[PDB]
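Observations on the three-dimensional arrangement
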Amino acid sequence: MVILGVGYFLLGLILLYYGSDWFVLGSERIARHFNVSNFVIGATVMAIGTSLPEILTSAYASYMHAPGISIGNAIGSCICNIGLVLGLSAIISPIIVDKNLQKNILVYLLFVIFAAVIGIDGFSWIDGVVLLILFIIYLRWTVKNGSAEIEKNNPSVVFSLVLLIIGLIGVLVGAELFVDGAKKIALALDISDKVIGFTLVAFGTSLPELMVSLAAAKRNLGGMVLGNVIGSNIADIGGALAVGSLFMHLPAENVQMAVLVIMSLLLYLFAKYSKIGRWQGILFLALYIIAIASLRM
Ligand SMILES: CCCCCCCC/C=C\CCCCCCCC(=O)OC[C@H](O)CO
Ligand SMILES: CCCCCCCCCCCCCCC
Ligand code: NA
Ligand SMILES: [Sr+2]
Ligand SMILES: [Sr+2]
């Protein structure tokens with residue numbers, strides 16, 4: 001049957017749509033509770049939660065002797081977060097970046113370049129261990145700098161945590177349904193293609209970031225969007241790629257890493273010397289479009 005594919009697909013969108021808004025709302029509240037910025041909650045809790053698909057996908061693929069899918073998924077997500085996710089969000093809600101957030105973005109940049117350089121001959125399991133350690137350090141460093149918490153069964157907090165978790169479950173399940181529904185529609189229309197079907201789940205892992213960021217964008221939560229983008233990329237590299245490399249050596253993806261380094265560099269330069277708004281967003285989307293037009297499938 002195919003309506004099951006249609007049912008799923010539509011339901012996936014509904015869970016994604018409402019799930020994303022609840023995730024954003026709950027995350028914004030949690031940040032106020034812990035006295036940290038929206039960037040910080042976006043870069044830690046939101047980034048890790050929405051990167052769970054990438055982490056499972058890369059670990060699974062490398063385990064199943066498909067390390068090309070594992071690194072392809074990780075870095076492709078990174079390119080998607082800056083090009084598509086941040087591109088759309090910048091246009092919706094232009095961001096002027098604070099001096100301290102610029103420091104966080106510069107560190108992100110350094111991290112990406114380091115990853116690109118040690119991955120020129122691919123990524124070994126020791127490359128993995130190192131990247132994962134830097135990931136852990138980035139998280140502690142980010143929270144520390146974004147913290148002002150100097151000081152308990154509060155209904156405000158509990159309600160905040162419930163919005164967040166149910167929202168997350170909503171976007172993660174919604175995303176799966178979207179992919180699963182699309183897969184079944186494709187199969188019973190007999191238009192299924194593996195080469196393209198890998199980019200259905202590849203894009204699939206990026207749907208949480210997309211919807212969550214757009215939801216944050218609609219509520220002018222610019223720092224949260226930026227936090228979620230920066231953190232998700234780091235989680236995709238220090239987490240998804242890294243764990244992949246633990247099961248098997250990952251072949252180099254130098255062209256894609258170069259594209260990521262160029263987009264990351266652009267993202268930093270705009271954050272430091274300008275803004276992340278309309279035309280910066282238009283630039284990110286144009287670059288993203290060119291990438292999905294010309295990069296190897
Ligand atoms: C502020 C500067 C930040 C850093 C800018 C990049 C600096 C390091 C470049 C190359 C060596 C890295 C050595 C340590 C990490 C790799 C350990 C390793 O196993 O290296 C072999 C390599 O992966 C091949 O197989
Ligand atoms: C001579 C090197 C052989 C390496 C064989 C594979 C080792 C994989 C280790 C994977 C797990 C690393 C976990 C860190 C928490
Ligand atoms: Na993420
Ligand atoms: Sr993701
Ligand atoms: Sr290497």
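This text follows the structure it describes.
My aim in this report is to walk through the structure given alongside it, one point at a time. All residue numbers refer to a per-chain count from 1 along the written sequence rather than necessarily to the numbering of the entry. Residues that lack coordinates are not shown. Starting at A for chains and at 1 for ligands, labels are handed out in the order in which the entities are written. With hydrogens and water set aside, each side-chain value is computed from the structure's full complement of heavy atoms.

This next bit is on the nonpolar core. One broad rule of soluble globular proteins: the nonpolar side chains tend to lie buried together. One finds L131, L226, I237, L260 and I276 to be the most contacted residues of the largest nonpolar core, which totals 78 residues. Delimitation of the domains relies on an automatic or database domain assignment. Two domains share this core, each providing at least three of its residues, namely domain 1 (1-35 + 153-192) and domain 2 (36-152 + 193-297). Should any heavy atoms of two residues lie within 4.5 Å, those residues are considered in contact. Leave out the neighbours within four places in its chain, and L226 touches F39, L86, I95, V97, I105, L267 and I276. Throughout, nonpolar core names a set of buried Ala, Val, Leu, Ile, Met, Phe, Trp, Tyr and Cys residues whose side chains join them through atoms within 4.5 Å. Only protein chains enter the calculation, and the probe is 1.4 Å; a residue is then buried if its accessible area is under 20% of its type maximum, exposed if over 50%, and partly exposed in between.

Put simply, a disulfide is two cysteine sulfurs that come within 2.5 Å. Applying the stated criterion to the full structure yields 0 disulfides. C78 takes part in no disulfide bond, and the closest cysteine sulfur, belonging to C80, lies 10.0 Å away.

This part covers the layout of surface pockets. We place a 1 Å grid over just the protein atoms. Points where a 1.4 Å probe fits but has no way out form a cavity, open points with protein on both sides within 12 Å along at least 5 of 7 lines form a pocket, and any residue with an atom within 4 Å of a point lines it. Grid points are joined across faces, edges and corners, and a volume is the space filled by probe spheres set on the points. The space that makes up the largest pocket amounts to roughly 1,400 Å³. As for the largest pocket, its lining consists of 42 residues, of which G72, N73, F198, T199 and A202 are closest to the centre. Going through the elements one at a time, α2 (38-63), α3 (67-92), α6 (155-188), α7 (194-218), α9 (254-273) and α10 (278-294) are the ones with two or more residues in the lining of the largest pocket. Only DSSP runs of H or I reaching four residues or more are called helices, and only runs of E reaching two or more are called strands; each is numbered from the N terminus. Among the elements that make up the lining of the largest pocket, the one with the highest residue count is α7 (12 residues). Three classes are used, and their members are as follows: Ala, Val, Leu, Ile, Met, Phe, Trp, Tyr, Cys and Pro are nonpolar, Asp, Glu, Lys and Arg are charged, and the others, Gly among them, are polar. Grouping the amino acids of the lining of the largest pocket by side-chain chemistry returns 26 nonpolar, 11 polar and 5 charged. Split by domain, the lining of the largest pocket shows at least three residues from each of two domains, domain 1 (1-35 + 153-192) and domain 2 (36-152 + 193-297).

Another point: the site of ligand 1. Around ligand 1 sit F114, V117, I118, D121, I126 and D127, and that is every residue in its neighbourhood. N or O atoms closer than or at 3.5 Å make up a polar contact, with two conditions inside protein: a donor-capable atom paired with an acceptor-capable one, and, for residues adjacent in sequence, both atoms drawn from side chains. Measuring from an oxygen atom of ligand 1, one finds a backbone N or O atom of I118 at 3.3 Å. Note that an oxygen atom of ligand 1 is positioned 2.5 Å from one of the side-chain N or O atoms of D127. For ligand 1, whose free accessible area comes to 670 Å², the fraction covered by protein is 43%. The leading source of residues in the shell around ligand 1 is helix α4 (residues 99-118), at 3 residues. Among the residues forming the shell around ligand 1, the class breakdown is 4 nonpolar, no polar and 2 charged. One heavy atom within 4 Å of a molecule or strand makes the whole residue count as near it. For the accessible areas, the method is Shrake-Rupley and the probe is 1.4 Å, while residue cover comes only from the protein chains on display.

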